[PDB]
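If you're matching them up, the sequences are chains A, B and C in order.
At position 127 of the first sequence (counting the first as 1) the number is 128 in the UniProt record's numbering, and the numbers step up by one without a gap.
At position 54 of the second sequence (counting the first as 1) the number is 73 in the UniProt record's numbering, and the numbers step up by one without a gap.
At position 36 of the third sequence (counting the first as 1) the number is 48 in the UniProt record's numbering, and the numbers step up by one without a gap.
Positions of the beta carbon are idealized from the N, C-alpha and C atoms, including for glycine.
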Amino acid sequence: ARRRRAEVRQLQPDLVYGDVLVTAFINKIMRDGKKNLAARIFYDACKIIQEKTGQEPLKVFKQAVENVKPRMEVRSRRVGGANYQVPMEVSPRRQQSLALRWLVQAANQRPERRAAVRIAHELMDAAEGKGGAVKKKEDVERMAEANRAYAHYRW
Amino acid sequence: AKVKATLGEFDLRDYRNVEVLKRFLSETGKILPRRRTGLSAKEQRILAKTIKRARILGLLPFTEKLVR
Amino acid sequence: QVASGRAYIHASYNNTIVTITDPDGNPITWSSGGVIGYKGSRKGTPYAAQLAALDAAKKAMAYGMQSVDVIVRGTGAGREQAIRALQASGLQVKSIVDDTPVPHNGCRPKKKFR
RNA sequence: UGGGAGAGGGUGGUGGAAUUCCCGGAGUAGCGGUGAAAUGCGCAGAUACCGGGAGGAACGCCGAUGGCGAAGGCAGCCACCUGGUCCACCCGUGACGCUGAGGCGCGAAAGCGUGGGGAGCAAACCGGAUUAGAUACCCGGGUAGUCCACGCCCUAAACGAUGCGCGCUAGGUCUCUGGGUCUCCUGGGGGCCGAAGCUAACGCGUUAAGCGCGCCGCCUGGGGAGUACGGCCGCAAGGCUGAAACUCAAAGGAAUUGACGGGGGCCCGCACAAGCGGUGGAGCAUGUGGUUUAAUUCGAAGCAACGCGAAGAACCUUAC
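Here it is in structure tokens:
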């Protein structure tokens, strides 16, 4: 990645919610290109959140993401003999990716046997700004805030 | 924009000329370069030692402090 | 309790120290990066230099110190950064003065400066 | 004769900043240091801030590619003493000149003697780190020394790596220092670029490494070795003069093409990074190393050998 900037791909918006972000969040659940399975598991958690805390699933979704979107993160940097962790801002692109990655992975660690419930619980905590995905955003921006003195090491 | 350039006839040896000699001190009391004064080396040489007199003579500061 | 006084800025490269002193020069209070909570390299960091001024700023207003002299002795990177932390500290930074003592030309420096 | 510049030198003074230390005040939990860190110092009150004092050393700004000196070298300012040098006058003498074996004197720094002084720095040394080790590089201390007087030492990348004196040979430019008649010319120094020329080349080039002349020193391959010996000097360290045996067939200088670089610049590549998924974990397939039997046929050894030759080993294949 030296010459160009490798611009992001234009995701095809989902059929149900007409969203690219939703379609984006699908793919993070998708394994082996098994999008149909991953599509249902999302849409299943759609019903669940539509049922448990019956609201707009989409509005809960985006509310979940914004509660977990990080904005400050460390970056390793072996300045001198010290592998520092420079705190850095985040463009909305990587903000979404880190958010989407966490909510899935946090959803990948709940105890309930099926995935859509784990996603549902995750979005529930996420839309509530709670749970591991939130903690991760909490921990990172905290840890990113812990090293604010190293800010000038940025690049 | 030499410091001497804005001056009429004055002795560089008149170390009691603290007013004119005031001009050639830095903002921090340092001695200004020739580039700031445009004196000759002979002129400059007359300037610095005379200025050093006023410093020992107290008429001029050895050093100011920078006021940002 | 005094509102007007002197703020000293000791900015090294291994650390920064901010001493809130009265107009009479007596130290009202002081602060350093080690007191802000950092150690070793982190003390001399500029952001730490800001926070040391902040804590020093609070202790000034802790005695009603409202506006003091900006006296600067140092050359470290934390020097300019500390100036802000006084400025936005609710204190009227009045007299920014450089007092970095340079010899004329004085004693032999260490090996580290040759 | 009249002038000029100068860190030229000696002596005697004397100004401030800064450090350090002490004292007094205020004040607290760190300071300091590093890449990080640690040693260390600090609560018994440090650092940071202020006032006062003591003391030592060195002279920021000017400052310069500048100046001075034969060289070493010389820099706060004052005064005294003193040297060298340049300019103009063309006044005086009238070859009185140059070099220069020895001798004589000077000669950074380190070092030494004595005595004094001793702030900071800092060999030696101690400790902390780093390291595999670290007798170092970095940090904390730290003594001689570093400063003075006098007396020694006499070496140096004491280098312009360029002995001196004189003459001639385009120029341009910058710079300092004099004279003039101030466009400019005339001089004395200090740099830069360059004619001719010279140069092995690099470069030198009116401040020659050109052309010439006079005088002195010096070289005759490398090492051995600036050592041995001897001699002189030295308090000492050691210095000066200065071999040979033996040994090598080169040691060298400059520059070219590359290569390299824990040099630089600029670019680039799933090289890093952002991700996703893996191996290493387990069992198995298979290849291989090594062991083992008659034999484990043979080959490929980093990438670029290893599910490769072998896109088909029960006999064949097959080479054992």
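The secondary-structure analysis by DSSP pairs A:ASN84 across a beta bridge with A:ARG79. Annotation: the segment 18–102 of chain C contains the following complete segments of the alpha helix (DSSP H) (minimum length 4 residues), in chain order: 45–48, 58–74, 90–99. Shortest Cα-Cα distance from B:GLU46 to any of C:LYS123, C:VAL109, C:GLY118 involves C:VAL109.
At the C-beta level, A:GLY132 and A:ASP140 stay beyond 9 Å of one another. Three or more beta-carbon pairs separated by less than 8 Å are not found between the segment 73–85 of chain B and the segment 59–66 of chain C, which leaves the two stretches without contact. The secondary-structure analysis by DSSP pairs A:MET144 with nothing; it has no beta-bridge partner. Assigned with DSSP and collapsed to three states, B:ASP30 falls in coil, not helix or strand. Contacts between C:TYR50 and chain A, judged by CB atoms closer than 9 Å, involve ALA150 in chain order.
For the 9 Å CB-CB criterion, A:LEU99 and A:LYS138 form a contact.
Residue ranges of uninterrupted alpha helix (DSSP H) with 4 or more members, entirely inside the segment 40–67 of chain B and ordered along the chain, are 53–56. Non-local C-beta neighbours of A:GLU142 in its own chain, meaning closer than 7 Å and more than five positions away in sequence, comprise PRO71, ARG72, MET73, ordered along the chain.
Not flagged as an interface residue toward chain C: B:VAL22, since no C-beta distance is shorter than 9 Å. Per DSSP, A:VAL118 lies in no beta strand (DSSP E); the unbroken alpha helix (DSSP H) holding it starts and ends at 116–128. Residue-level contact by beta carbon holds for B:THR82 and chain C, with a gap shorter than 9 Å. Identification of chain A residues near C:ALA68 by a Cβ-Cβ cut-off of 8 Å yields none; the smallest Cβ-Cβ distance measures about 17 Å.
Contact between C:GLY17 and C:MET77 is confirmed by a C-beta separation of about 5 Å, below the 8 Å threshold. Taking a Cβ-Cβ threshold of 8 Å, the residues of chain B close to C:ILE108 are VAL86, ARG87, in chain order.
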